[PDB]
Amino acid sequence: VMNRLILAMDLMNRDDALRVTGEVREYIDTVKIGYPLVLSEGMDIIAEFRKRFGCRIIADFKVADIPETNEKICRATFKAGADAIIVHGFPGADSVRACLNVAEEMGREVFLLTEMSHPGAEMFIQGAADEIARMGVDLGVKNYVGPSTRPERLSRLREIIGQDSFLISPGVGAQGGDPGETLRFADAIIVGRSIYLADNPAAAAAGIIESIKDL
């Protein structure tokens, strides 16, 4: 991704989302759009963004249903123009395989979320994360998501998935993660609030890139 930086566009109204994304477009090539924006403005916002900014769109829907419903969610999401979708691994292998089958049919990609970045992830997800990552490898998953807030866990995840897999990581900025440290293990960092709630989003994005290039 351009500059190894992915914008998590979680503003909830179209006008603000369009303004901020346009202000930082020169510093990224990939926008992560999730339910806060889609449930507020509609799935058509994905194609509008993709077209208007000529960026790749990752739908961060953290898919976590049974196989049959996961297939339907992935189909609707790719039909809407998304390039990739983020799926939870904790529901198990059949749920993840359902997403991979649709991505294969539609020429898109699946990112497997292993361990989450917030405090509560320590309760149940962390203990299963190494196994979820190994399950991903066994299924042929090549794209993964891991926590910026726990670089030692990000390192262990990178260890399991190997150097050829692509790893992106949220939790930078607002949640406490560091761009530089996270990029020791992840290929790209996801940043939301530190950029979109900033008084000057372009300056915030630029400042992060400056740290990155220095690496």
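One rule holds for the numbers: they count along the sequence shown, beginning at 1.
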Take the C-alpha B-factors listed in the entry for 13 to 21 and for 187 to 195, compute each mean, and give the stretch with the larger one. 13 to 21
Using only C-alpha atoms and the B-factors in the entry, which stretch averages higher, 108 to 116 or 130 to 138? 130 to 138
Between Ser169, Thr149, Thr69, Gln163, which one tops the list for C-alpha B-factor in the PDB entry? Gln163
Record-listed C-alpha B factor of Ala174: chain third: middle
Would you mind ranking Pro36 by its C-alpha B-factor against the rest of the chain and naming the third, lowest, middle or highest? lowest
For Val1, the third of its chain by CA B-factor is the highest
Sort the modelled residues of this chain by their C-alpha B factor and say whether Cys55 lands in the lowest, middle or highest third. highest
Can you tell me whether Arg158 has a C-alpha B-factor in the lowest, middle or highest third compared with the other modelled residues of the same chain? highest
